[PDB]
Amino acid sequence: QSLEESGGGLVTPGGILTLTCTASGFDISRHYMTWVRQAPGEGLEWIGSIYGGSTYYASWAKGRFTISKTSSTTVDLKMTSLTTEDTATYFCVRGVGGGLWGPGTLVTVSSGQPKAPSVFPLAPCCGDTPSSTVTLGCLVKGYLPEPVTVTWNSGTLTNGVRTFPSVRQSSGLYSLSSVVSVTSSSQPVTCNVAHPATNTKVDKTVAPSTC
Amino acid sequence: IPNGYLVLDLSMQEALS
Amino acid sequence: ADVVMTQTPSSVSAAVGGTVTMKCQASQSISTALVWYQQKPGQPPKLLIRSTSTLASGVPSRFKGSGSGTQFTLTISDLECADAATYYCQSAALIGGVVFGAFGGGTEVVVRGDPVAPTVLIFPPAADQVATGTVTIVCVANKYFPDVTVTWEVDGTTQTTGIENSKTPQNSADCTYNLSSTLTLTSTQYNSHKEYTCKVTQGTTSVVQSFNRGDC
């Protein structure tokens, strides 16, 4: 059995959004299908549950969040009067206190338009003694909303990759860096930066110094 | 002893489903 | 009012091999209808224990859940670096036609492995940054434990604004951290100074890396 949430994205404050939880391999009617959210850096929060025809809501969510069954395999979550307090990853769970979770879908409540990242290479200063093993990277700057996907050499370079958690600037845009330790066996090294919300993919081949 | 509202464990209901 | 789950402590630390405990207090009795989750980045929360004390599939015996009514405890013995995570309790009861489903606020568990001093890398801005109007300089502190503090100096002056730090989760094998620190300046500010320095301090020992703008 599996669960997958969909519908996350950028929404303007004051707007509405509907998320969907799609089940495979079991009958949702037999379970308390449950919505949980987690604001970035914060704790898990129960929104509500649906068991057959019965719905249950946390008191904080009543009226503004509505859960319904929309097919034999899907439940939705309709959210209204959204503000930045509703920015979060939203998860669906099979059962109250259950073990089967989807990977989550990210809702970003912001007035900004989608903005693709600027990608800049990270390499040691020209004129430092060179090294056969060198740590190179990419700075992924100024994007909205999360997520971005960063790969190295199109997924063929994975060992020793450190992609740091994103940080949200006070402007509201996001940035992260990814670094990797490489020898000539991985050269030329290219970071591939995909941003679903702008349908962009940037490939940046990182020279081993700034020279 | 059961009295008043009984407590049903939904985490158990899920585990045994 | 919905049930409230008060989880303490907010953070707890022990050495590898040690034991930690955390507590969940319910504002209303929920019998044994309570679960514990473990959350690390990369995957959703993982069910550890359900019905207060029943281990979920694949969960090792060093995790133990106890309690009932309004007081619940999770104990982790023989701690491993793989146990570094944030743990949450959740009520999971149906009482009087109401679902009692609230989460506790979470307990971060820090696992203390072997001490390792950081190495430090500094990355001057790529040549196409300055045209954008802002420049972001990146410093990385590699593979270290325990925590560090980072300072930036520009021509010897400690920076007090424009710094953003991001720390990876503890390594599941050896408990170490990695840190990115970035300093963002306007292009004019960047072009107005010579030397950029990242200083990483662990206890009383510091590791410094610098570059001069005009050299790179």
Side-chain angles (χ1 to χ4, degrees), chain A residues 3 32 34 36 38 42-49 51 54 56-60 89 91 93 95-104 118-128 135-139 141-142 162-169 175-179 181 204 206 209-211, chain C residues 1-2 7 33-37 39 41 43-48 50-51 56-57 86 88 90-94 97-106 119 121-129 132 134 136 138 140 142-143 164-169 178-180 182 184 210-212 215-216:
Chain A
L3 293 173
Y32 285 73
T34 296
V36 174
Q38 183 169 46
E42 298 299 319
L44 304 168
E45 186 171 39
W46 176 62
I47 298 161
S49 303
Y51 181 50
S54 301
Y56 304 92
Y57 299 97
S59 284
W60 71 263
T89 294
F91 300 95
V93 190
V96 185
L100 183 67
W101 290 61
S118 300
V119 183
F120 300 107
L122 302 173
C125 181
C126 192
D128 297 344
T135 297
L136 302 174
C138 287
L139 171 65
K141 175 176 177 178
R162 290 176 285 159
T163 300
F164 290 89
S166 68
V167 172
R168 193 171 195 194
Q169 284 73 79
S175 306
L176 62 76
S177 277
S178 182
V179 300
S181 168
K204 193 66 53 162
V206 181
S209 80
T210 67
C211 301
Chain C
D2 293 359
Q7 186 164 353
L34 180 123
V35 309
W36 291 97
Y37 289 104
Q39 199 185 18
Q43 296 300 314
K46 178 180 165 174
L47 182 67
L48 292 169
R50 59 88 178 171
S51 303
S57 184
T86 299
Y88 297 88
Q90 190 197 6
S91 180
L94 188 72
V98 173
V99 169
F100 284 51
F103 291 87
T119 58
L121 304 162
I122 195 170
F123 299 103
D128 52 331
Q129 287 209 43
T132 71
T134 70
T136 298
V138 181
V140 172
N142 309 303
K143 189 175 172 181
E164 295 174 297
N165 298 319
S166 187
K167 191 168 66 184
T168 59
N178 303 272
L179 176 80
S180 65
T182 72
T184 301
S210 309
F211 70 91
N212 300 319
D215 293 350
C216 319

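Quick note on labels: first sequence line is chain A, next is B, and so on, each numbered from 1.
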request  = Against chain C, label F164(A) side chain, backbone, both or neither, depending on which of its atoms sit under 4.5 Å from a heavy atom there.
outcome  = both
query = With no hydrogens and no angle check, do the side chains of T132(C) and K141(A) hold a donor and an acceptor under 3.5 Å apart?
reply = no
remark   = Among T163(A), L122(A), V93(A), the residue with the most heavy-atom pairs under 4.5 Å to chain C is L122(A)
query = Shortest non-hydrogen contact from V167(A) to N165(C)?
reply = CG2-O, 3.8 Å
SG proximity flag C126(A)/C216(C), limit 2.5 angstrom = no
note = Looking only at heavy atoms, the pair that brings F120(A) and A126(C) closest together is CB-CB, 4.1 Å
ask   = Considering all heavy atoms of both residues, which atom of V99(C) and which atom of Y32(A) are nearest to each other, and what is their separation?
value = CG2-CE2, 4.2 Å
Contacting moiety of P45(C), where chain A heavy atoms sit under 4.5 Å = both
task = Heavy-atom distances under 4.5 Å only: say whether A123(A) touches chain C with side chain, backbone, both or neither.
result = backbone
For the student: nearest non-hydrogen atoms of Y88(C) and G43(A), plus distance = OH-CA, 3.5 Å
ask   = Among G99(A), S59(A), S49(A), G95(A), which residue forms the greatest number of heavy-atom pairs with chain C at distances under 4.5 Å?
value = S59(A)
note = Looking only at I122(C), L48(C), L94(C), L34(C), most heavy-atom pairs under 4.5 Å shared with chain A are made by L94(C)
Shortest non-hydrogen contact between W46(A) and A102(C), atoms and distance = CE3-N, 4.4 Å
query = What pair of heavy atoms forms the shortest contact from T210(A) to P124(C), and how long is it?
reply = CG2-CG, 3.8 Å
remark   = Under 4.5 Å to a heavy atom of chain C? For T135(A) that would be both
remark   = One should read off an interatomic distance between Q38(A) CD and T86(C) OG1, to the nearest 0.5 angstrom, of 8.5 Å
inquiry  = Can you tell me which portion of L44(A) sits under 4.5 Å from chain C's heavy atoms? Options are side chain, backbone, both or neither.
reply    = both
